[PDB]
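Participant: What follows is a structure written as structure tokens; I'll ask about it next.
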Protein chains: 4
Amino acid sequence: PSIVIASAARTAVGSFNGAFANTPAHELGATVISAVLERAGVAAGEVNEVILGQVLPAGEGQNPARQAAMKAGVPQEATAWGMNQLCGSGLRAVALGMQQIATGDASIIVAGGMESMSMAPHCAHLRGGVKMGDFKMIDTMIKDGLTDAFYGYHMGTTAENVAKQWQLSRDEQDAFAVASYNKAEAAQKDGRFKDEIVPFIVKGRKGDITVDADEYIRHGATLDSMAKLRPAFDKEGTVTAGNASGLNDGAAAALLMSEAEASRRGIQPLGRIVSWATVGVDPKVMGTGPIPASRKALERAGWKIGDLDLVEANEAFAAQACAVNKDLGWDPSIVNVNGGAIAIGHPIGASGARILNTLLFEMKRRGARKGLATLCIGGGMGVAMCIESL
Amino acid sequence: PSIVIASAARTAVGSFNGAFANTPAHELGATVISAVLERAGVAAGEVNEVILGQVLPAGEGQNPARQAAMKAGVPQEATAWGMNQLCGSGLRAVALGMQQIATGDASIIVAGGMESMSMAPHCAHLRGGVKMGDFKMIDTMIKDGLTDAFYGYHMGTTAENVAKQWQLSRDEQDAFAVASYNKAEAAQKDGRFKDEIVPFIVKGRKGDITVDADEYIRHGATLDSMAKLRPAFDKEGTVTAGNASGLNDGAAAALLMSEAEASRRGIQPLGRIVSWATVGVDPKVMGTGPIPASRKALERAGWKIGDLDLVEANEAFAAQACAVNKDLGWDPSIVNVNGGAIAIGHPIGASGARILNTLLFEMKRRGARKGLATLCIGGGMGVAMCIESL
Amino acid sequence: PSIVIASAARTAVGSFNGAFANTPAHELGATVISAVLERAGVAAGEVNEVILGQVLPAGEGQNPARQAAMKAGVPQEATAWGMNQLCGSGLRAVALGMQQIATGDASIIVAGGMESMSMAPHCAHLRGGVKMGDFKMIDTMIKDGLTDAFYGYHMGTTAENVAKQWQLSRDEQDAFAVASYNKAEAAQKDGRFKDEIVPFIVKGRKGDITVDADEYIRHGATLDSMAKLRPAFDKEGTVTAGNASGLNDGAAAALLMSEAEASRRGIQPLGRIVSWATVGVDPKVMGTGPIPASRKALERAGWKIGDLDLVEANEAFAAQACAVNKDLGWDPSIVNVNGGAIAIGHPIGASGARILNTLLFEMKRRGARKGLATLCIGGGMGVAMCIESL
Amino acid sequence: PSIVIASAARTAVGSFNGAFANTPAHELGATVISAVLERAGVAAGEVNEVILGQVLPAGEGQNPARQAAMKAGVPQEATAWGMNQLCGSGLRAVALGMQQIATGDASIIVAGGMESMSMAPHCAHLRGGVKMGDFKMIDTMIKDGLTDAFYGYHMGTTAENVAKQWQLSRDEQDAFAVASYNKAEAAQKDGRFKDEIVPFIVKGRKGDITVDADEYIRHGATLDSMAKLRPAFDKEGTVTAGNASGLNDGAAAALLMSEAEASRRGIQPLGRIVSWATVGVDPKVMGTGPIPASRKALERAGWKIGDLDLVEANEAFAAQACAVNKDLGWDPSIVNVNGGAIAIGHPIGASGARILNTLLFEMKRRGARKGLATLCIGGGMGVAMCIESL
Ligand SMILES: CC(C)(COP(=O)(O)OP(=O)(O)OC[C@H]1O[C@@H](n2cnc3c(N)ncnc32)[C@H](O)[C@@H]1OP(=O)(O)O)[C@@H](O)C(=O)NCCC(=O)NCCS
Ligand SMILES: CC(C)(COP(=O)(O)OP(=O)(O)OC[C@H]1O[C@@H](n2cnc3c(N)ncnc32)[C@H](O)[C@@H]1OP(=O)(O)O)[C@@H](O)C(=O)NCCC(=O)NCCS
Ligand SMILES: CC(C)(COP(=O)(O)OP(=O)(O)OC[C@H]1O[C@@H](n2cnc3c(N)ncnc32)[C@H](O)[C@@H]1OP(=O)(O)O)[C@@H](O)C(=O)NCCC(=O)NCCS
Ligand SMILES: CC(C)(COP(=O)(O)OP(=O)(O)OC[C@H]1O[C@@H](n2cnc3c(N)ncnc32)[C@H](O)[C@@H]1OP(=O)(O)O)[C@@H](O)C(=O)NCCC(=O)NCCS
Ligand SMILES: [Cl-]
Ligand SMILES: [Cl-]
Ligand SMILES: [Cl-]
Ligand SMILES: [Cl-]
Ligand SMILES: [Cl-]
Ligand SMILES: [Cl-]
Ligand SMILES: [Cl-]
Ligand SMILES: [Cl-]
Ligand SMILES: [Cl-]
Ligand SMILES: [Cl-]
Ligand SMILES: [Rb+]
Ligand SMILES: [Rb+]
Ligand SMILES: [Rb+]
Ligand SMILES: [Rb+]
């Protein structure tokens, strides 16, 4: 009937081919699963199901969500499965886990997302046999994660469509990025990511290395070097590597249970899932995904846009993040207080749960009552979820 | 609420590198999605979400479930996503779509599964660079679909564990397979697969080919040549290619809606989802998955094992299929009346919905009231669902 | 000194991915080496060196010419090496082996060529590491064998340059091919290839297969179906798969020794190498290679064009073979009496020794006195050699 | 009947994945060909043929020897071809070019070798098609250059056989390496490699880099750190990365003409080829190759072992270089005065011409009369050449 979030955690967002360059996704997920359990005082033997969104699982083995649960100590009598809704996967898994408890099919869910874009392999269909000529080794990260399957161009091109449709200049996108860089670096210096980040131990041969800080956050982002970058998608476009998100590795999850079950255990939940929604749009302008999804989520919760005290909207691109702020018209000072994916990072399968962690711990830190998390999804979709504190 | 199955359809299960050797999975899903709509009198513009189970989506593009819906005519306003619970994905997706309507978040769902194991590519992580020496090109079908990620051996080895644990001789497993071949060949000659199979048109260059018959069903399976086959996993084992399922391509789905919504359209539903369950077991004996999953599903429906009039249990291996019939103790004459995965084929991500199609259409022809469909899942899991006719 | 050809042999020219689809080149060469040593009565312990031309040795191991000699029984004390002059490799090795005996550095040479275009792999430089994006798997057969390294297009395009330069219409090129097909089909039925072809035993698992007939020779080549084919290179060109050679596998070699050594052993030599030459031309019109190379060889032999009684000119393309016959002006009835590479096949590294076999055994069969063999070489070269009977 | 070396040059021997990591082999050869022509005052239009030994030509295009000649300015009228006798390719091509002029078939030859082991790709035969299972991507450098095709193990194991046959201890092999390192490091400081090295311009995007020094020569090689490496081949062996050669890139060649031709042009030849030889040995002890090859060369020159004033013997391994010096018994102080392949590097296809440059220019530097160059060849072969100054 009423589902709450008992605890939540996330790993540090590592850079592409960086600290997590050789760490499989399920190893990052296993650390987060052990974290949300310890943070709520819940043993691993009590978890009924583990739902982890993941977009690039090729080469990781049979069902990496099951591997994450077994490695984290969840017994074999429990189940685990993954799902793929691209960028909104980490947040949709929380909605899927929420329905499992609402329909009486489960009691305790560890739901979230995990992604290791560095570990994505190059593939090629070779069963038929190449009789003659050259063939391509396809990058699974680009093909299955970043390339639109209906028009053939990158997700950065869909941001160029939103830039031309909403008339967002290069200087306007760069200014939004600089605002995102400085907000994330400030939250990192003040330690506003410490409560949500669980340290990850990178198992090495010549010594272990502990990763507990987002390594993608840039220090001292200058606007002068921001405007010297060339566009990375359209030759005469406006989206660059500075005003766009990056390729990153990470994992994030939360522990789900009913409000009555949390009262039995004396747990003080981070928030209460009051509504959620997912709507589809034109794949050409997939950045506009959060616009109708946030309205559907607020309508299902009986809330107005002004009722929200804190908003976490994923910053896949600066060209797509400004239109959501302009169409919905909410106060930009309550959106991404600690920065967005332009500065922190964007692991595809885990970003849905990543911004939920940042949203939950910031609502707890400043006493916010109503929150909302939303992301844009490639192929023309968007997901949103409204959280209310208890 | 009460969720029913308005319509269901499936493509013919093709052999490995056979009729669907160059057909992507989402093209098979689009045919099944267009089928369940044209079999229930529901337009494509009414579908809210498309949930398609798939285990090997590497190289197919961004979210093949979205591509299948767009190709089938589902408008962009709707959403679509895929999920991976290995062999039970096609049936778990039906349970997930059922929960969407139960929680009031959707009205019409096209849920099922699709898999093209022939289109599965070989992958290799090459971002770090191979400084010196040879490296392996990993088969995603073997690694991500057929190899246990905890012990390293094939799923056929888990059948060898069930063989010695349940003391199932080589002659008993072959006899079960021969019975499955003769049941499937009889159902094919009598046309008991015609109502559930939607013809698929293989787009070619030198002429189109319509595929409307399961090409993996062998005619005149003899036990003499069955006992000459060598074991395909353990050198001194008992599971062979004859008493085990095969690698196949196919897709299957169903149209989900509430019982009141179906009455508003005058649709005669195939059945009513009354219960479902998923339980985990030891990965060593993953063939025992359907044993506790069917018991929890029957318990949630208020049914006994004797109340079931028709049962469809997936035959991943003859060594694993005999133990399910011995432990649950139901009458084997009502289990897989038209044959199982040993004779028809086993597309992993779609098999859960495949046996649901065979179960639904066989209940309709003989007037069965209570049914149950269940499959074993790699890594030590199992899923079951109980269907009641209207 | 005076160098003669004591004996010569060749394997049947197999089709692309045909009878020799999985046979390495050195296994084909070892059969030819064992043949020329058996057909002349020379023991393996007397061979000083083995010179085998090969263009595509990637993936076959350290020095396939050494593997061919060791497998054929030639002792380790002898030497062996391979060389690469593209299409003229099989014939240049005979000239190189001839120079070893003329300079007093050797007594008995087994020189020839071997090629397995079916075993040619796809390669990719992967030491630096592909950080992001797709990369091509380059076909070594296309890249290292059929693509000119100075202009980038196929050898069939260089035939189009000769086609436009000499004004050879589509009907004139097709008519030359039909003459070549009918000559090869007649020579195969009459058994004029039996003396030169050594049977090769294809080592298999389910039974061995003896190959002693050229499987690429097509029966009943019609001019009506010849004009139906589309151009295989230029979209509005004239060279098709019918008037051009094909991709084939095969091996050929000859036994070289001084004229005095052959008289000691009672060997009746097939012919005496009287002259040879190799000249380079423009790579765009590499088909004109045999024109100045045959003239330089005849000049070094003191022969006129009319003195030749039998000529074997390589038919890489009908557009390039007509220009050579038109420029040199020799009688077309004495040129390629038993067909050319258009009908028999064209193993690149072995074609030079293949047409030498056809010339030697046909000169012996009709009592011809003076002969000449010549080929065109990619990149703008040509090789020729004059043979005189004893 | 007397062939001299008009000029010779070589590129700096670059480390594996070092300065020449992205430089194709023929680009290094083109620099050496242009060098030997300018150093003798001979125009490119006078070269008749270019013979360049190369062992790893996969992926470089049609006949890389032809690409080196055309890029260096040699006109299209001349010919060019490559040959492969493994490690003795660079020296055998000089002997082959010598025979072209001795037999009156050519007047001016540019012969040598080129190799780019960094550019060696990974290959796999994919025409038949991998129906199921994993397959290996074979390293062409290891397979086609360093792996014995008769026993399957590395060339370092063949060095272990020579180590066990002559009873060469670990301390004895390491001492030979330190002596080679100190001789090469001293010769580089004194500038004894400046006359033979032609600077190579590495064309880059962010600035060009001039390469004129062997970057593989290690500075300050200590004997203490030499006895701290683990064996790289046998688990309980004695050959390590210190007492063995390395993987390197480089090119070297020489200008060949008759002694009368050098007089007609006023050229001061580097030396006169007086004899040459190539003998085969057991592949297990391929390091003993130079022992019987040098004896046959000295016998053909009418020289004794004491007549040699300077010797350049290739040091593929410390275990194989000590046995050759102990069996032949020549003065070690005149053998590899400036170091060997252990310190300078070992480009397979170019090492034969590399040590020939060091031999020619050191004979000129100290007034040596008689010289000899010899190498060991994998698969059980050896090549030798005797050089006398004029
Ligand atoms: C945009 C993208 C192609 C960048 O690829 P990339 O080139 O590897 O990004 P990099 O940062 O490593 O390279 C960018 C360069 O710009 C510079 N740069 C990046 N951000 C900068 C900033 N904020 N200020 C100044 N300079 C910056 C860096 O120094 C870097 O190295 P370089 O200058 O030497 O070339 C990729 O990260 C991307 O697509 N991101 C968006 C993710 C996406 O498309 N979809 C996510 C799901 S919708
Ligand atoms: C067992 C398996 C490896 C077989 O591989 P396969 O070689 O492609 O199987 P094939 O049928 O194509 O070939 C098997 C051999 O047995 C023969 N054979 C198979 N079934 C036979 C039968 N019923 N009667 C007689 N002979 C039979 C085949 O003809 C073939 O012999 P052949 O060499 O003359 O062709 C594969 O089918 C498999 O793993 N299936 C199980 C899939 C799975 O694990 N799913 C998940 C379970 S949870
Ligand atoms: C031209 C080339 C690319 C052909 O590609 P290909 O399609 O694999 O050639 P194929 O064997 O498949 O023949 C193709 C078609 O032409 C038809 N064909 C070929 N020769 C024919 C003939 N003589 N009469 C009628 N039809 C003919 C075949 O039947 C086939 O039709 P199909 O696809 O229905 O079977 C290849 O043979 C080639 O590159 N040749 C040149 C070799 C070369 O370059 N040598 C070095 C030059 S120096
Ligand atoms: C020996 C071989 C197997 C591996 O060499 P490698 O280890 O991959 O290359 P390196 O030795 O430079 O690797 C560098 C390591 O060795 C150390 N090292 C390299 N050269 C050294 C030297 N001369 N002295 C001491 N240490 C050295 C480096 O410090 C580094 O230390 P690390 O192990 O912690 O990384 C391979 O290079 C080889 O087979 N070489 C011979 C090839 C050949 O036989 N050619 C002739 C054909 S017959
Ligand atoms: Cl526990
Ligand atoms: Cl339910
Ligand atoms: Cl850190
Ligand atoms: Cl509850
Ligand atoms: Cl209802
Ligand atoms: Cl129907
Ligand atoms: Cl519609
Ligand atoms: Cl694919
Ligand atoms: Cl991998
Ligand atoms: Cl269990
Ligand atoms: Rb960024
Ligand atoms: Rb089967
Ligand atoms: Rb042909
Ligand atoms: Rb070394």
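Naming scheme: A, B, ... for chains in displayed order of the structure tokens; residues 1 onward per chain; ligands 1 onward as shown.
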Mind checking DSSP for range 18-266 of chain D and telling me the strand (DSSP E or B) residues as a VMD selection string?
Facilitator: chain D and resid 49 to 53 79 to 84 109 to 116 122 to 124 135 to 139 147 154 197 200 to 202 209 to 211 244 247 to 258
Participant: Which residues of chain A come within 12 Å of ligand 6, and what is each one's closest atom pair and distance in Å (one decimal), counting only C-alpha atoms and all ligand atoms, sorted by chain and residue number, as JSON lines?
Facilitator:
{"residue": "A:99", "atom": "CA", "partner": "ligand 6", "partner_atom_place_in_ligand_line": "1 (Cl)", "distance": 10.1}
{"residue": "A:100", "atom": "CA", "partner": "ligand 6", "partner_atom_place_in_ligand_line": "1 (Cl)", "distance": 8.7}
{"residue": "A:101", "atom": "CA", "partner": "ligand 6", "partner_atom_place_in_ligand_line": "1 (Cl)", "distance": 10.1}
{"residue": "A:102", "atom": "CA", "partner": "ligand 6", "partner_atom_place_in_ligand_line": "1 (Cl)", "distance": 9.4}
{"residue": "A:103", "atom": "CA", "partner": "ligand 6", "partner_atom_place_in_ligand_line": "1 (Cl)", "distance": 5.6}
{"residue": "A:104", "atom": "CA", "partner": "ligand 6", "partner_atom_place_in_ligand_line": "1 (Cl)", "distance": 6.7}
{"residue": "A:105", "atom": "CA", "partner": "ligand 6", "partner_atom_place_in_ligand_line": "1 (Cl)", "distance": 6.4}
{"residue": "A:106", "atom": "CA", "partner": "ligand 6", "partner_atom_place_in_ligand_line": "1 (Cl)", "distance": 10.1}
Participant: Around ligand 3, at most 6 Å away and counting only C-alpha atoms and all ligand atoms, which residues are there? Put them as a PyMOL selection string, please.
Facilitator: chain C and resi 146+155+221+225-226+232+241-242+244-247+316+377-378
Participant: Once you count only C-alpha atoms and all ligand atoms, which residues end up within 12 Å of ligand 15, and could you hand them over as an mmCIF file with N, CA, C and O atoms, in the first residue's frame?
Facilitator:
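Contents of the output file part05.cif:
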data_model
loop_
_atom_site.group_PDB
_atom_site.id
_atom_site.type_symbol
_atom_site.label_atom_id
_atom_site.label_comp_id
_atom_site.auth_asym_id
_atom_site.auth_seq_id
_atom_site.Cartn_x
_atom_site.Cartn_y
_atom_site.Cartn_z
ATOM 1 N N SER A 15 35.636 7.823 -13.901
ATOM 2 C CA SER A 15 35.790 8.284 -15.268
ATOM 3 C C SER A 15 35.918 7.100 -16.224
ATOM 4 O O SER A 15 36.204 5.967 -15.824
ATOM 5 N N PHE A 16 35.701 7.381 -17.507
ATOM 6 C CA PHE A 16 35.840 6.358 -18.533
ATOM 7 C C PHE A 16 37.280 5.869 -18.585
ATOM 8 O O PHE A 16 38.214 6.667 -18.700
ATOM 9 N N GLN A 173 24.433 27.174 -23.435
ATOM 10 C CA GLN A 173 24.718 25.813 -22.998
ATOM 11 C C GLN A 173 26.000 25.756 -22.178
ATOM 12 O O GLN A 173 26.077 25.025 -21.185
ATOM 13 N N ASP A 174 27.017 26.522 -22.581
ATOM 14 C CA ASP A 174 28.271 26.539 -21.834
ATOM 15 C C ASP A 174 28.073 27.125 -20.442
ATOM 16 O O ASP A 174 28.680 26.653 -19.473
ATOM 17 N N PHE A 176 25.335 26.975 -18.634
ATOM 18 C CA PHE A 176 24.673 25.963 -17.821
ATOM 19 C C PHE A 176 25.670 24.918 -17.340
ATOM 20 O O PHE A 176 25.597 24.459 -16.194
ATOM 21 N N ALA A 177 26.614 24.536 -18.202
ATOM 22 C CA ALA A 177 27.623 23.557 -17.816
ATOM 23 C C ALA A 177 28.522 24.106 -16.717
ATOM 24 O O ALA A 177 28.778 23.426 -15.716
ATOM 25 N N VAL A 178 29.006 25.341 -16.887
ATOM 26 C CA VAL A 178 29.858 25.965 -15.876
ATOM 27 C C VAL A 178 29.127 26.042 -14.543
ATOM 28 O O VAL A 178 29.720 25.825 -13.479
ATOM 29 N N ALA A 179 27.826 26.334 -14.578
ATOM 30 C CA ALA A 179 27.046 26.337 -13.347
ATOM 31 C C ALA A 179 26.998 24.948 -12.729
ATOM 32 O O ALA A 179 27.020 24.804 -11.501
ATOM 33 N N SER A 180 26.949 23.910 -13.567
ATOM 34 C CA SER A 180 26.916 22.546 -13.051
ATOM 35 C C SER A 180 28.272 22.127 -12.496
ATOM 36 O O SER A 180 28.341 21.431 -11.476
ATOM 37 N N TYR A 181 29.362 22.541 -13.148
ATOM 38 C CA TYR A 181 30.693 22.192 -12.662
ATOM 39 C C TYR A 181 30.965 22.815 -11.297
ATOM 40 O O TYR A 181 31.462 22.146 -10.383
ATOM 41 N N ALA A 184 28.951 21.140 -8.392
ATOM 42 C CA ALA A 184 29.427 19.824 -7.985
ATOM 43 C C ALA A 184 30.748 19.921 -7.236
ATOM 44 O O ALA A 184 30.942 19.240 -6.222
ATOM 45 N N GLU A 215 35.643 10.987 -9.363
ATOM 46 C CA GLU A 215 36.846 11.453 -10.041
ATOM 47 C C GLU A 215 36.559 12.236 -11.315
ATOM 48 O O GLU A 215 37.493 12.803 -11.893
ATOM 49 N N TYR A 216 35.307 12.286 -11.765
ATOM 50 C CA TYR A 216 34.956 13.011 -12.979
ATOM 51 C C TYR A 216 34.705 14.495 -12.735
ATOM 52 O O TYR A 216 34.681 15.275 -13.696
ATOM 53 N N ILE A 217 34.525 14.897 -11.477
ATOM 54 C CA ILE A 217 34.274 16.291 -11.126
ATOM 55 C C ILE A 217 35.525 17.119 -11.392
ATOM 56 O O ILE A 217 36.590 16.865 -10.816
ATOM 57 N N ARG A 218 35.400 18.115 -12.268
ATOM 58 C CA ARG A 218 36.529 18.965 -12.624
ATOM 59 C C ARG A 218 36.695 20.105 -11.630
ATOM 60 O O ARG A 218 35.715 20.691 -11.162
ATOM 61 N N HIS A 219 37.948 20.414 -11.307
ATOM 62 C CA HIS A 219 38.279 21.516 -10.413
ATOM 63 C C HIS A 219 38.667 22.729 -11.248
ATOM 64 O O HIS A 219 39.516 22.628 -12.140
ATOM 65 N N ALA A 221 36.708 24.863 -13.382
ATOM 66 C CA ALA A 221 36.215 24.902 -14.755
ATOM 67 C C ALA A 221 36.135 26.344 -15.239
ATOM 68 O O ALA A 221 35.392 27.156 -14.677
ATOM 69 N N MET A 226 36.219 26.541 -22.028
ATOM 70 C CA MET A 226 34.960 25.886 -22.362
ATOM 71 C C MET A 226 34.501 26.252 -23.768
ATOM 72 O O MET A 226 33.932 25.415 -24.481
ATOM 73 N N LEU A 229 36.450 24.580 -27.094
ATOM 74 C CA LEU A 229 36.218 23.203 -27.507
ATOM 75 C C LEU A 229 35.409 23.164 -28.796
ATOM 76 O O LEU A 229 34.519 23.991 -29.016
ATOM 77 N N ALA A 232 31.462 17.976 -30.767
ATOM 78 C CA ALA A 232 31.833 16.568 -30.830
ATOM 79 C C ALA A 232 30.867 15.719 -31.647
ATOM 80 O O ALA A 232 31.095 14.514 -31.786
ATOM 81 N N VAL A 239 26.894 21.271 -29.284
ATOM 82 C CA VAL A 239 27.167 20.378 -28.162
ATOM 83 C C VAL A 239 28.625 19.946 -28.237
ATOM 84 O O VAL A 239 29.074 19.413 -29.257
ATOM 85 N N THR A 240 29.365 20.181 -27.159
ATOM 86 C CA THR A 240 30.765 19.800 -27.046
ATOM 87 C C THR A 240 30.926 18.824 -25.884
ATOM 88 O O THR A 240 29.962 18.469 -25.205
ATOM 89 N N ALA A 241 32.166 18.385 -25.660
ATOM 90 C CA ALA A 241 32.442 17.513 -24.526
ATOM 91 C C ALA A 241 32.309 18.240 -23.195
ATOM 92 O O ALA A 241 32.206 17.585 -22.152
ATOM 93 N N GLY A 242 32.304 19.572 -23.207
ATOM 94 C CA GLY A 242 32.181 20.349 -21.991
ATOM 95 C C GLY A 242 30.747 20.570 -21.551
ATOM 96 O O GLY A 242 30.439 20.477 -20.359
ATOM 97 N N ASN A 243 29.863 20.877 -22.500
ATOM 98 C CA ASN A 243 28.455 21.101 -22.200
ATOM 99 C C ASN A 243 27.622 19.828 -22.299
ATOM 100 O O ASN A 243 26.389 19.899 -22.251
ATOM 101 N N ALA A 244 28.263 18.673 -22.435
ATOM 102 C CA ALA A 244 27.577 17.393 -22.457
ATOM 103 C C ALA A 244 28.088 16.522 -21.318
ATOM 104 O O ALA A 244 29.144 16.781 -20.734
ATOM 105 N N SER A 245 27.323 15.479 -21.010
ATOM 106 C CA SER A 245 27.740 14.525 -19.996
ATOM 107 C C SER A 245 28.919 13.703 -20.515
ATOM 108 O O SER A 245 29.444 13.932 -21.608
ATOM 109 N N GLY A 246 29.368 12.748 -19.700
ATOM 110 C CA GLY A 246 30.473 11.897 -20.070
ATOM 111 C C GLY A 246 30.113 10.430 -19.916
ATOM 112 O O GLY A 246 29.052 10.074 -19.399
ATOM 113 N N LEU A 247 31.022 9.584 -20.390
ATOM 114 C CA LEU A 247 30.910 8.144 -20.227
ATOM 115 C C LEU A 247 31.552 7.758 -18.901
ATOM 116 O O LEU A 247 32.713 8.096 -18.650
ATOM 117 N N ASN A 248 30.801 7.062 -18.052
ATOM 118 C CA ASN A 248 31.255 6.809 -16.693
ATOM 119 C C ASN A 248 30.809 5.432 -16.229
ATOM 120 O O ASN A 248 29.929 4.801 -16.821
ATOM 121 N N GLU A 315 21.298 15.636 -16.238
ATOM 122 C CA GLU A 315 21.896 16.533 -17.222
ATOM 123 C C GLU A 315 22.682 15.717 -18.245
ATOM 124 O O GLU A 315 23.913 15.697 -18.264
ATOM 125 N N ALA A 316 21.933 15.021 -19.105
ATOM 126 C CA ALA A 316 22.574 14.302 -20.200
ATOM 127 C C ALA A 316 23.280 15.270 -21.137
ATOM 128 O O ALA A 316 24.408 15.018 -21.574
ATOM 129 N N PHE A 317 22.634 16.392 -21.441
ATOM 130 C CA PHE A 317 23.222 17.453 -22.240
ATOM 131 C C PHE A 317 22.723 18.786 -21.706
ATOM 132 O O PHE A 317 21.612 18.879 -21.176
ATOM 133 N N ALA A 318 23.554 19.821 -21.841
ATOM 134 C CA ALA A 318 23.094 21.156 -21.477
ATOM 135 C C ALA A 318 21.986 21.623 -22.408
ATOM 136 O O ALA A 318 21.095 22.369 -21.987
ATOM 137 N N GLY A 339 24.918 19.726 -8.417
ATOM 138 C CA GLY A 339 25.412 19.471 -9.753
ATOM 139 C C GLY A 339 24.681 18.326 -10.435
ATOM 140 O O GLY A 339 23.876 17.606 -9.841
ATOM 141 N N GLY A 340 24.980 18.168 -11.722
ATOM 142 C CA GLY A 340 24.344 17.139 -12.521
ATOM 143 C C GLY A 340 25.324 16.235 -13.239
ATOM 144 O O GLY A 340 26.511 16.202 -12.902
ATOM 145 N N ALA A 341 24.837 15.506 -14.248
ATOM 146 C CA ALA A 341 25.673 14.538 -14.950
ATOM 147 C C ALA A 341 26.753 15.191 -15.799
ATOM 148 O O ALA A 341 27.699 14.506 -16.202
ATOM 149 N N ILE A 342 26.635 16.488 -16.094
ATOM 150 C CA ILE A 342 27.676 17.159 -16.866
ATOM 151 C C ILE A 342 28.981 17.177 -16.082
ATOM 152 O O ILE A 342 30.070 17.046 -16.654
ATOM 153 N N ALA A 343 28.890 17.316 -14.761
ATOM 154 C CA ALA A 343 30.059 17.399 -13.893
ATOM 155 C C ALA A 343 30.322 16.118 -13.113
ATOM 156 O O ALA A 343 31.485 15.758 -12.903
ATOM 157 N N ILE A 344 29.272 15.419 -12.681
ATOM 158 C CA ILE A 344 29.451 14.254 -11.818
ATOM 159 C C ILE A 344 29.743 13.003 -12.637
ATOM 160 O O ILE A 344 30.610 12.198 -12.276
ATOM 161 N N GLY A 345 29.039 12.822 -13.751
ATOM 162 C CA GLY A 345 29.191 11.635 -14.569
ATOM 163 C C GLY A 345 27.852 11.020 -14.916
ATOM 164 O O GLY A 345 26.848 11.329 -14.268
ATOM 165 N N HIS A 346 27.817 10.145 -15.921
ATOM 166 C CA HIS A 346 26.565 9.552 -16.397
ATOM 167 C C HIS A 346 26.765 8.086 -16.754
ATOM 168 O O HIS A 346 26.907 7.727 -17.930
#
Participant: Counting only C-alpha atoms, which residues in chain C sit no more than 6 Å from chain D? For each one, give the nearest pair of atoms and the distance in Å, sorted by chain then residue number, as a tab-separated table.
Facilitator:
residue	atom	partner	partner_atom	distance
C:58	CA	D:58	CA	6.0
C:61	CA	D:144	CA	4.3
C:62	CA	D:144	CA	4.5
C:76	CA	D:281	CA	5.5
C:77	CA	D:280	CA	4.0
C:78	CA	D:280	CA	5.0
C:79	CA	D:280	CA	5.3
C:81	CA	D:85	CA	4.8
C:82	CA	D:84	CA	5.1
C:83	CA	D:83	CA	3.7
C:84	CA	D:82	CA	5.1
C:85	CA	D:81	CA	4.8
C:121	CA	D:125	CA	4.1
C:122	CA	D:123	CA	5.4
C:123	CA	D:123	CA	4.0
C:124	CA	D:121	CA	4.9
C:125	CA	D:121	CA	4.0
C:143	CA	D:61	CA	5.3
C:144	CA	D:61	CA	4.3
C:145	CA	D:62	CA	5.6
C:149	CA	D:62	CA	5.6
C:280	CA	D:77	CA	4.2
C:281	CA	D:77	CA	5.3
C:282	CA	D:76	CA	6.0
Participant: Compute the set of protein, DNA and RNA residues whose minimum atom distance to ligand 8 is at most 7 Å, using only C-alpha atoms and all ligand atoms, and state it as a PyMOL selection string.
Facilitator: chain A and resi 107+258+260-261
